[PDB]
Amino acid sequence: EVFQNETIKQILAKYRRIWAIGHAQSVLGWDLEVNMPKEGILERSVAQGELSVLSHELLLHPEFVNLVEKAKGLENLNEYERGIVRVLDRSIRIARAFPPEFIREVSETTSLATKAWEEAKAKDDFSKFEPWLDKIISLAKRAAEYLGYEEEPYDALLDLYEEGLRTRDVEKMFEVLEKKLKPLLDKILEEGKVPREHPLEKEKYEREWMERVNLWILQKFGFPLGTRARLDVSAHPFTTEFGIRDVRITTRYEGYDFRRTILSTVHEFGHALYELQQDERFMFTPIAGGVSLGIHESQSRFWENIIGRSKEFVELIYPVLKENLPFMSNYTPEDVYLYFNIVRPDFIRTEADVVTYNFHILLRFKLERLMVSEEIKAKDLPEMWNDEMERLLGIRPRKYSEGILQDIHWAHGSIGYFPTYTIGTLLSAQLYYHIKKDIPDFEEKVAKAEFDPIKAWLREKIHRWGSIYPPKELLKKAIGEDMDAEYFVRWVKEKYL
């Protein structure tokens, strides 16, 4: 049926091994964050490394590569079998772009740069990370040359994190935002409409109270606990796919500002539902699973912002908040709504509201493009970051930790990564209007906890496709168009004005 071709089948058979190591890498990663006794890190780390080299070795074995090439030279194949080849070709390609010596240099520099960044952020000192940032800039440019690119070198890094993404693509969405979203922010901020803060931010809670609420919400979403999924706690919330029938998410309980743990769980649910609603005929193959960071964040932001911060979701969860939270006997459902939608330009990207969030990514996009294109100097980055933070949000970091040092990404060498976050927020708005068309009683269904039709919509339009088509081709096919920042602007306009 789905996989008929003989060459395709020999590929998939070998792929199972590669798939198996990945299954193990997932469990290892998850357990490291969730259960592993502190001192087990050294042995966990070596195990993780030996497998990564093994995995890489298997993917590039002459036999495997020969089969892929061969199959790529076949015209008989259906879309599914073709997907296998597109996906695996991109993998083999990216994998052999880096000379083993370079992969080594990066691992080394990265490891040491993260450690140097980690203390530099805590002690507010950019000098302890500066040199490392210059080394990371050089590697990025080299990487761009190893990968190859048509227009700009930055296209190569961007394409690394989002298949088919180009600098011109990123350049465009941010233009639409700077001219149409920026003013909307100013207007919102000056009318005193929504508040910049809320007293519920200070309300303290005991872990068990909120885990009762989160649990309740996940059950309302139909999250298959104990059967195909799990919810646990970790330093930072994340989602993992051990398989189509085993997807797990985590969250954290800060102990205060309950909005955090709630929306964070919903955000991850969004990533999980996607993996959960994959097509089981693709099990053990490279076509199963989300196609990219961008499409993936479209799913997490859909559930978090489109639904989680909507008034209906607030009414739905309101009674549950009252039952488990004592301090809730002093607030009304509107109080919770205003709380869930506060808008306030601030220093930290991870804390930014939905309106100010994308500007944090835009500035990171500008510094990144310059870093890899012109001859930028690390020692000069802090000021460019600060001037940008000031030009977009009116505020200026007073210490490195509130500015250029807040995120780990650059120290890990993740250059060209940041823009996929904006893509998700944008796509989450676009998707909303398209579903708002086939399900006009969207809001009513949310208020009543009838999410099956919405889950089913997402499945048919995005999820079931897995990695069959590249990100862009996937959108056209399912939404009849490409990404368009415009929707995000309307969504915001229609929500705050």
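The first residue of the shown sequence is 1; numbering continues from there.
request  = Name the higher of the two by mean Cα B-factor in the PDB entry, 233-241 versus 337-345.
outcome  = Per the PDB record, 337-345.
ask   = Got a sec? Mean C-alpha B-factor, which is higher, 453-461 or 47-55?
value = Going by the record's values, the stretch with the higher mean is 453-461.
ask   = What's the residue among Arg196, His360, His296, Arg228 with the greatest CA temperature factor in the PDB record?
value = When the deposited C-alpha B-factors of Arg196, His360, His296, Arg228 are compared, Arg196 is largest.
task = Determine which member of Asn324, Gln278, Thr350, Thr420 has the highest CA B-factor, using the values in the deposited entry.
result = Answer, based on the entry's C-alpha B-factors: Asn324.
request  = Compare the C-alpha B factor of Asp441 with those of the other modelled residues in its chain, then answer lowest, middle or highest third.
outcome  = According to the entry, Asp441 has a C-alpha B-factor in the chain's highest third.
inquiry  = For the chain shown, is the CA B-factor of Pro286 in the lowest, middle or highest third of its modelled residues?
reply    = Ranked within chain, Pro286 CA B lands in the lowest tercile.
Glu69 by Cα B-factor - lowest, middle or highest third of the modelled chain = It falls in the top third of the chain.
task = Would you mind ranking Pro183 by its C-alpha B-factor against the rest of the chain and naming the third, lowest, middle or highest?
result = Highest third.
ask   = In terms of the chain's CA B-factor thirds, is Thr261 lowest, middle or highest?
value = It belongs to the middle third of the chain when residues are ordered by C-alpha B-factor.
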